[PDB]
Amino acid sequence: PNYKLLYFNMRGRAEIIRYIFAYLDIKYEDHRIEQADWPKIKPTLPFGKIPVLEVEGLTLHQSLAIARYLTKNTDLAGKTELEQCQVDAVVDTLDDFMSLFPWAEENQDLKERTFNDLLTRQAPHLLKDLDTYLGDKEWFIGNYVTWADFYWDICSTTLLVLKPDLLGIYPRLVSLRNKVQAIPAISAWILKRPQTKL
């Protein structure tokens, strides 16, 4: 099965797919485009957004729809429907938070006040809730890794670029990052991947 991933040269919304491909040892083409390439490409995609994943000539879209697809019938999804629900919900909670950042905002001044608010006022509420949900479990769902844990590593990696001191009082969430990053396939991907800010 030929897999062609297309995104910008960053971790961003494609990175969850990249982790899953790494974890499952599935070969794929990691196609990256420059900002100035994008207007020519945007009209050629069904919903004019990236990432997209081409699978056997079919173009799939929506980072989380694709990630979920790739984890189907694996433990990464959650082993039961109830667990799948919790896994999906943690991912969506994280994605909701990351989606508040005004990434394309041109007013640099406004972007900065909003970012600072997200990182200093709002993030502690989210982090507290993630910490309370993880509790003393090894992984978000309990005793096995899911793509929610991947997504926490991914989101926290960007959050830490933006605010390096953010996880001061959440040792459990730092342990979870560390557990994800020590998974041999993930560790090899992290070492290997292009070094981008986002």
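We number the residues from 1 along the sequence you see.
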> Where do the C-alpha atoms have the higher mean temperature factor in this entry, in 110 to 118 or in 89 to 97?
Replying inline: 110 to 118
> Which of the two stretches, 11 to 19 or 186 to 194, shows the higher mean Cα temperature factor in the record?
Replying inline: 186 to 194
> Which of these has the highest Cα B-factor in the record: 30, 131, 56, 149?
Replying inline: 56
> If you compare 51, 142, 48, 171, which has the highest Cα B-factor in the entry?
Replying inline: 48
> What third of its chain, lowest, middle or highest, does the C-alpha temperature factor of residue 81 fall into?
Replying inline: middle
> Among the modelled residues of its chain, does the C-alpha B-factor of residue 37 lie in the lowest, middle or highest third?
Replying inline: highest
> Ranked by Cα temperature factor within the chain, is residue 167 in the lowest third, the middle third or the highest third?
Replying inline: middle
> Based on the entry's values, in what third of the chain does the Cα temperature factor of residue 26 lie: lowest, middle or highest?
Replying inline: highest
